[PDB]
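One chain is shown next in structure tokens, namely the form deposited in one PDB entry.
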């Protein structure tokens, strides 16, 4: 059907099949060998994501990496999302700002077209160790720089390894994070069409205030 979609052997059923929207092709090239036989599929996101906020569904679907995601998954733009091919979306990006601050909120805004999914927890963000340390057998896995800054002296001596993106992870670390995942479950607050119109809207004047307070 669509290429670069690594299928899961149990796709199209009611079990917890998980899709990992890794950002790149190297991440999925590493994932294919280390993933589980079932309940694990991947689709790369090449480049930045189109803003899915405001325009019609017909015009919105005219982008490649929205038609692709709506084809791999059961997500139909203008109807309820219950008969999905998979069961959980597991968005994973790099450790840089471009990952969690541009691709991640764009995907969240696109998935906001079906708000029914958020309180079911079937959209999640896979964590990624920004800092890895090999203290002998011990594998320190710091997911944000604050933890490593606050834990630089609690351990006798460690050797850090700055992870640039998903292509800098070794096969063992990718396998560990792929069968032992640390998920961030995202839930919409009471107001969600008030910060997403703020962030993905055309009126930059709201953002003029937003980056000040």
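Only the largest set of C-alpha atoms that superpose within 1.5 Å between the two forms is called the rigid core. Residue numbers count along the first chain shown, from 1.
Although not depicted, the form deposited in another entry is the subject of the following passage.
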Just checking, between the shown form and the other one and with the core aligned, does residue 146 shift 2 Å or more at the CA? yes
Cα-Cα trend for residue 137 and residue 31, given that in the other form the distance shifts by 3 Å or more: farther
If the C-alpha spacing of residue 152 and residue 100 moves by 3 Å or more in the other form, is that a move closer or farther apart? closer
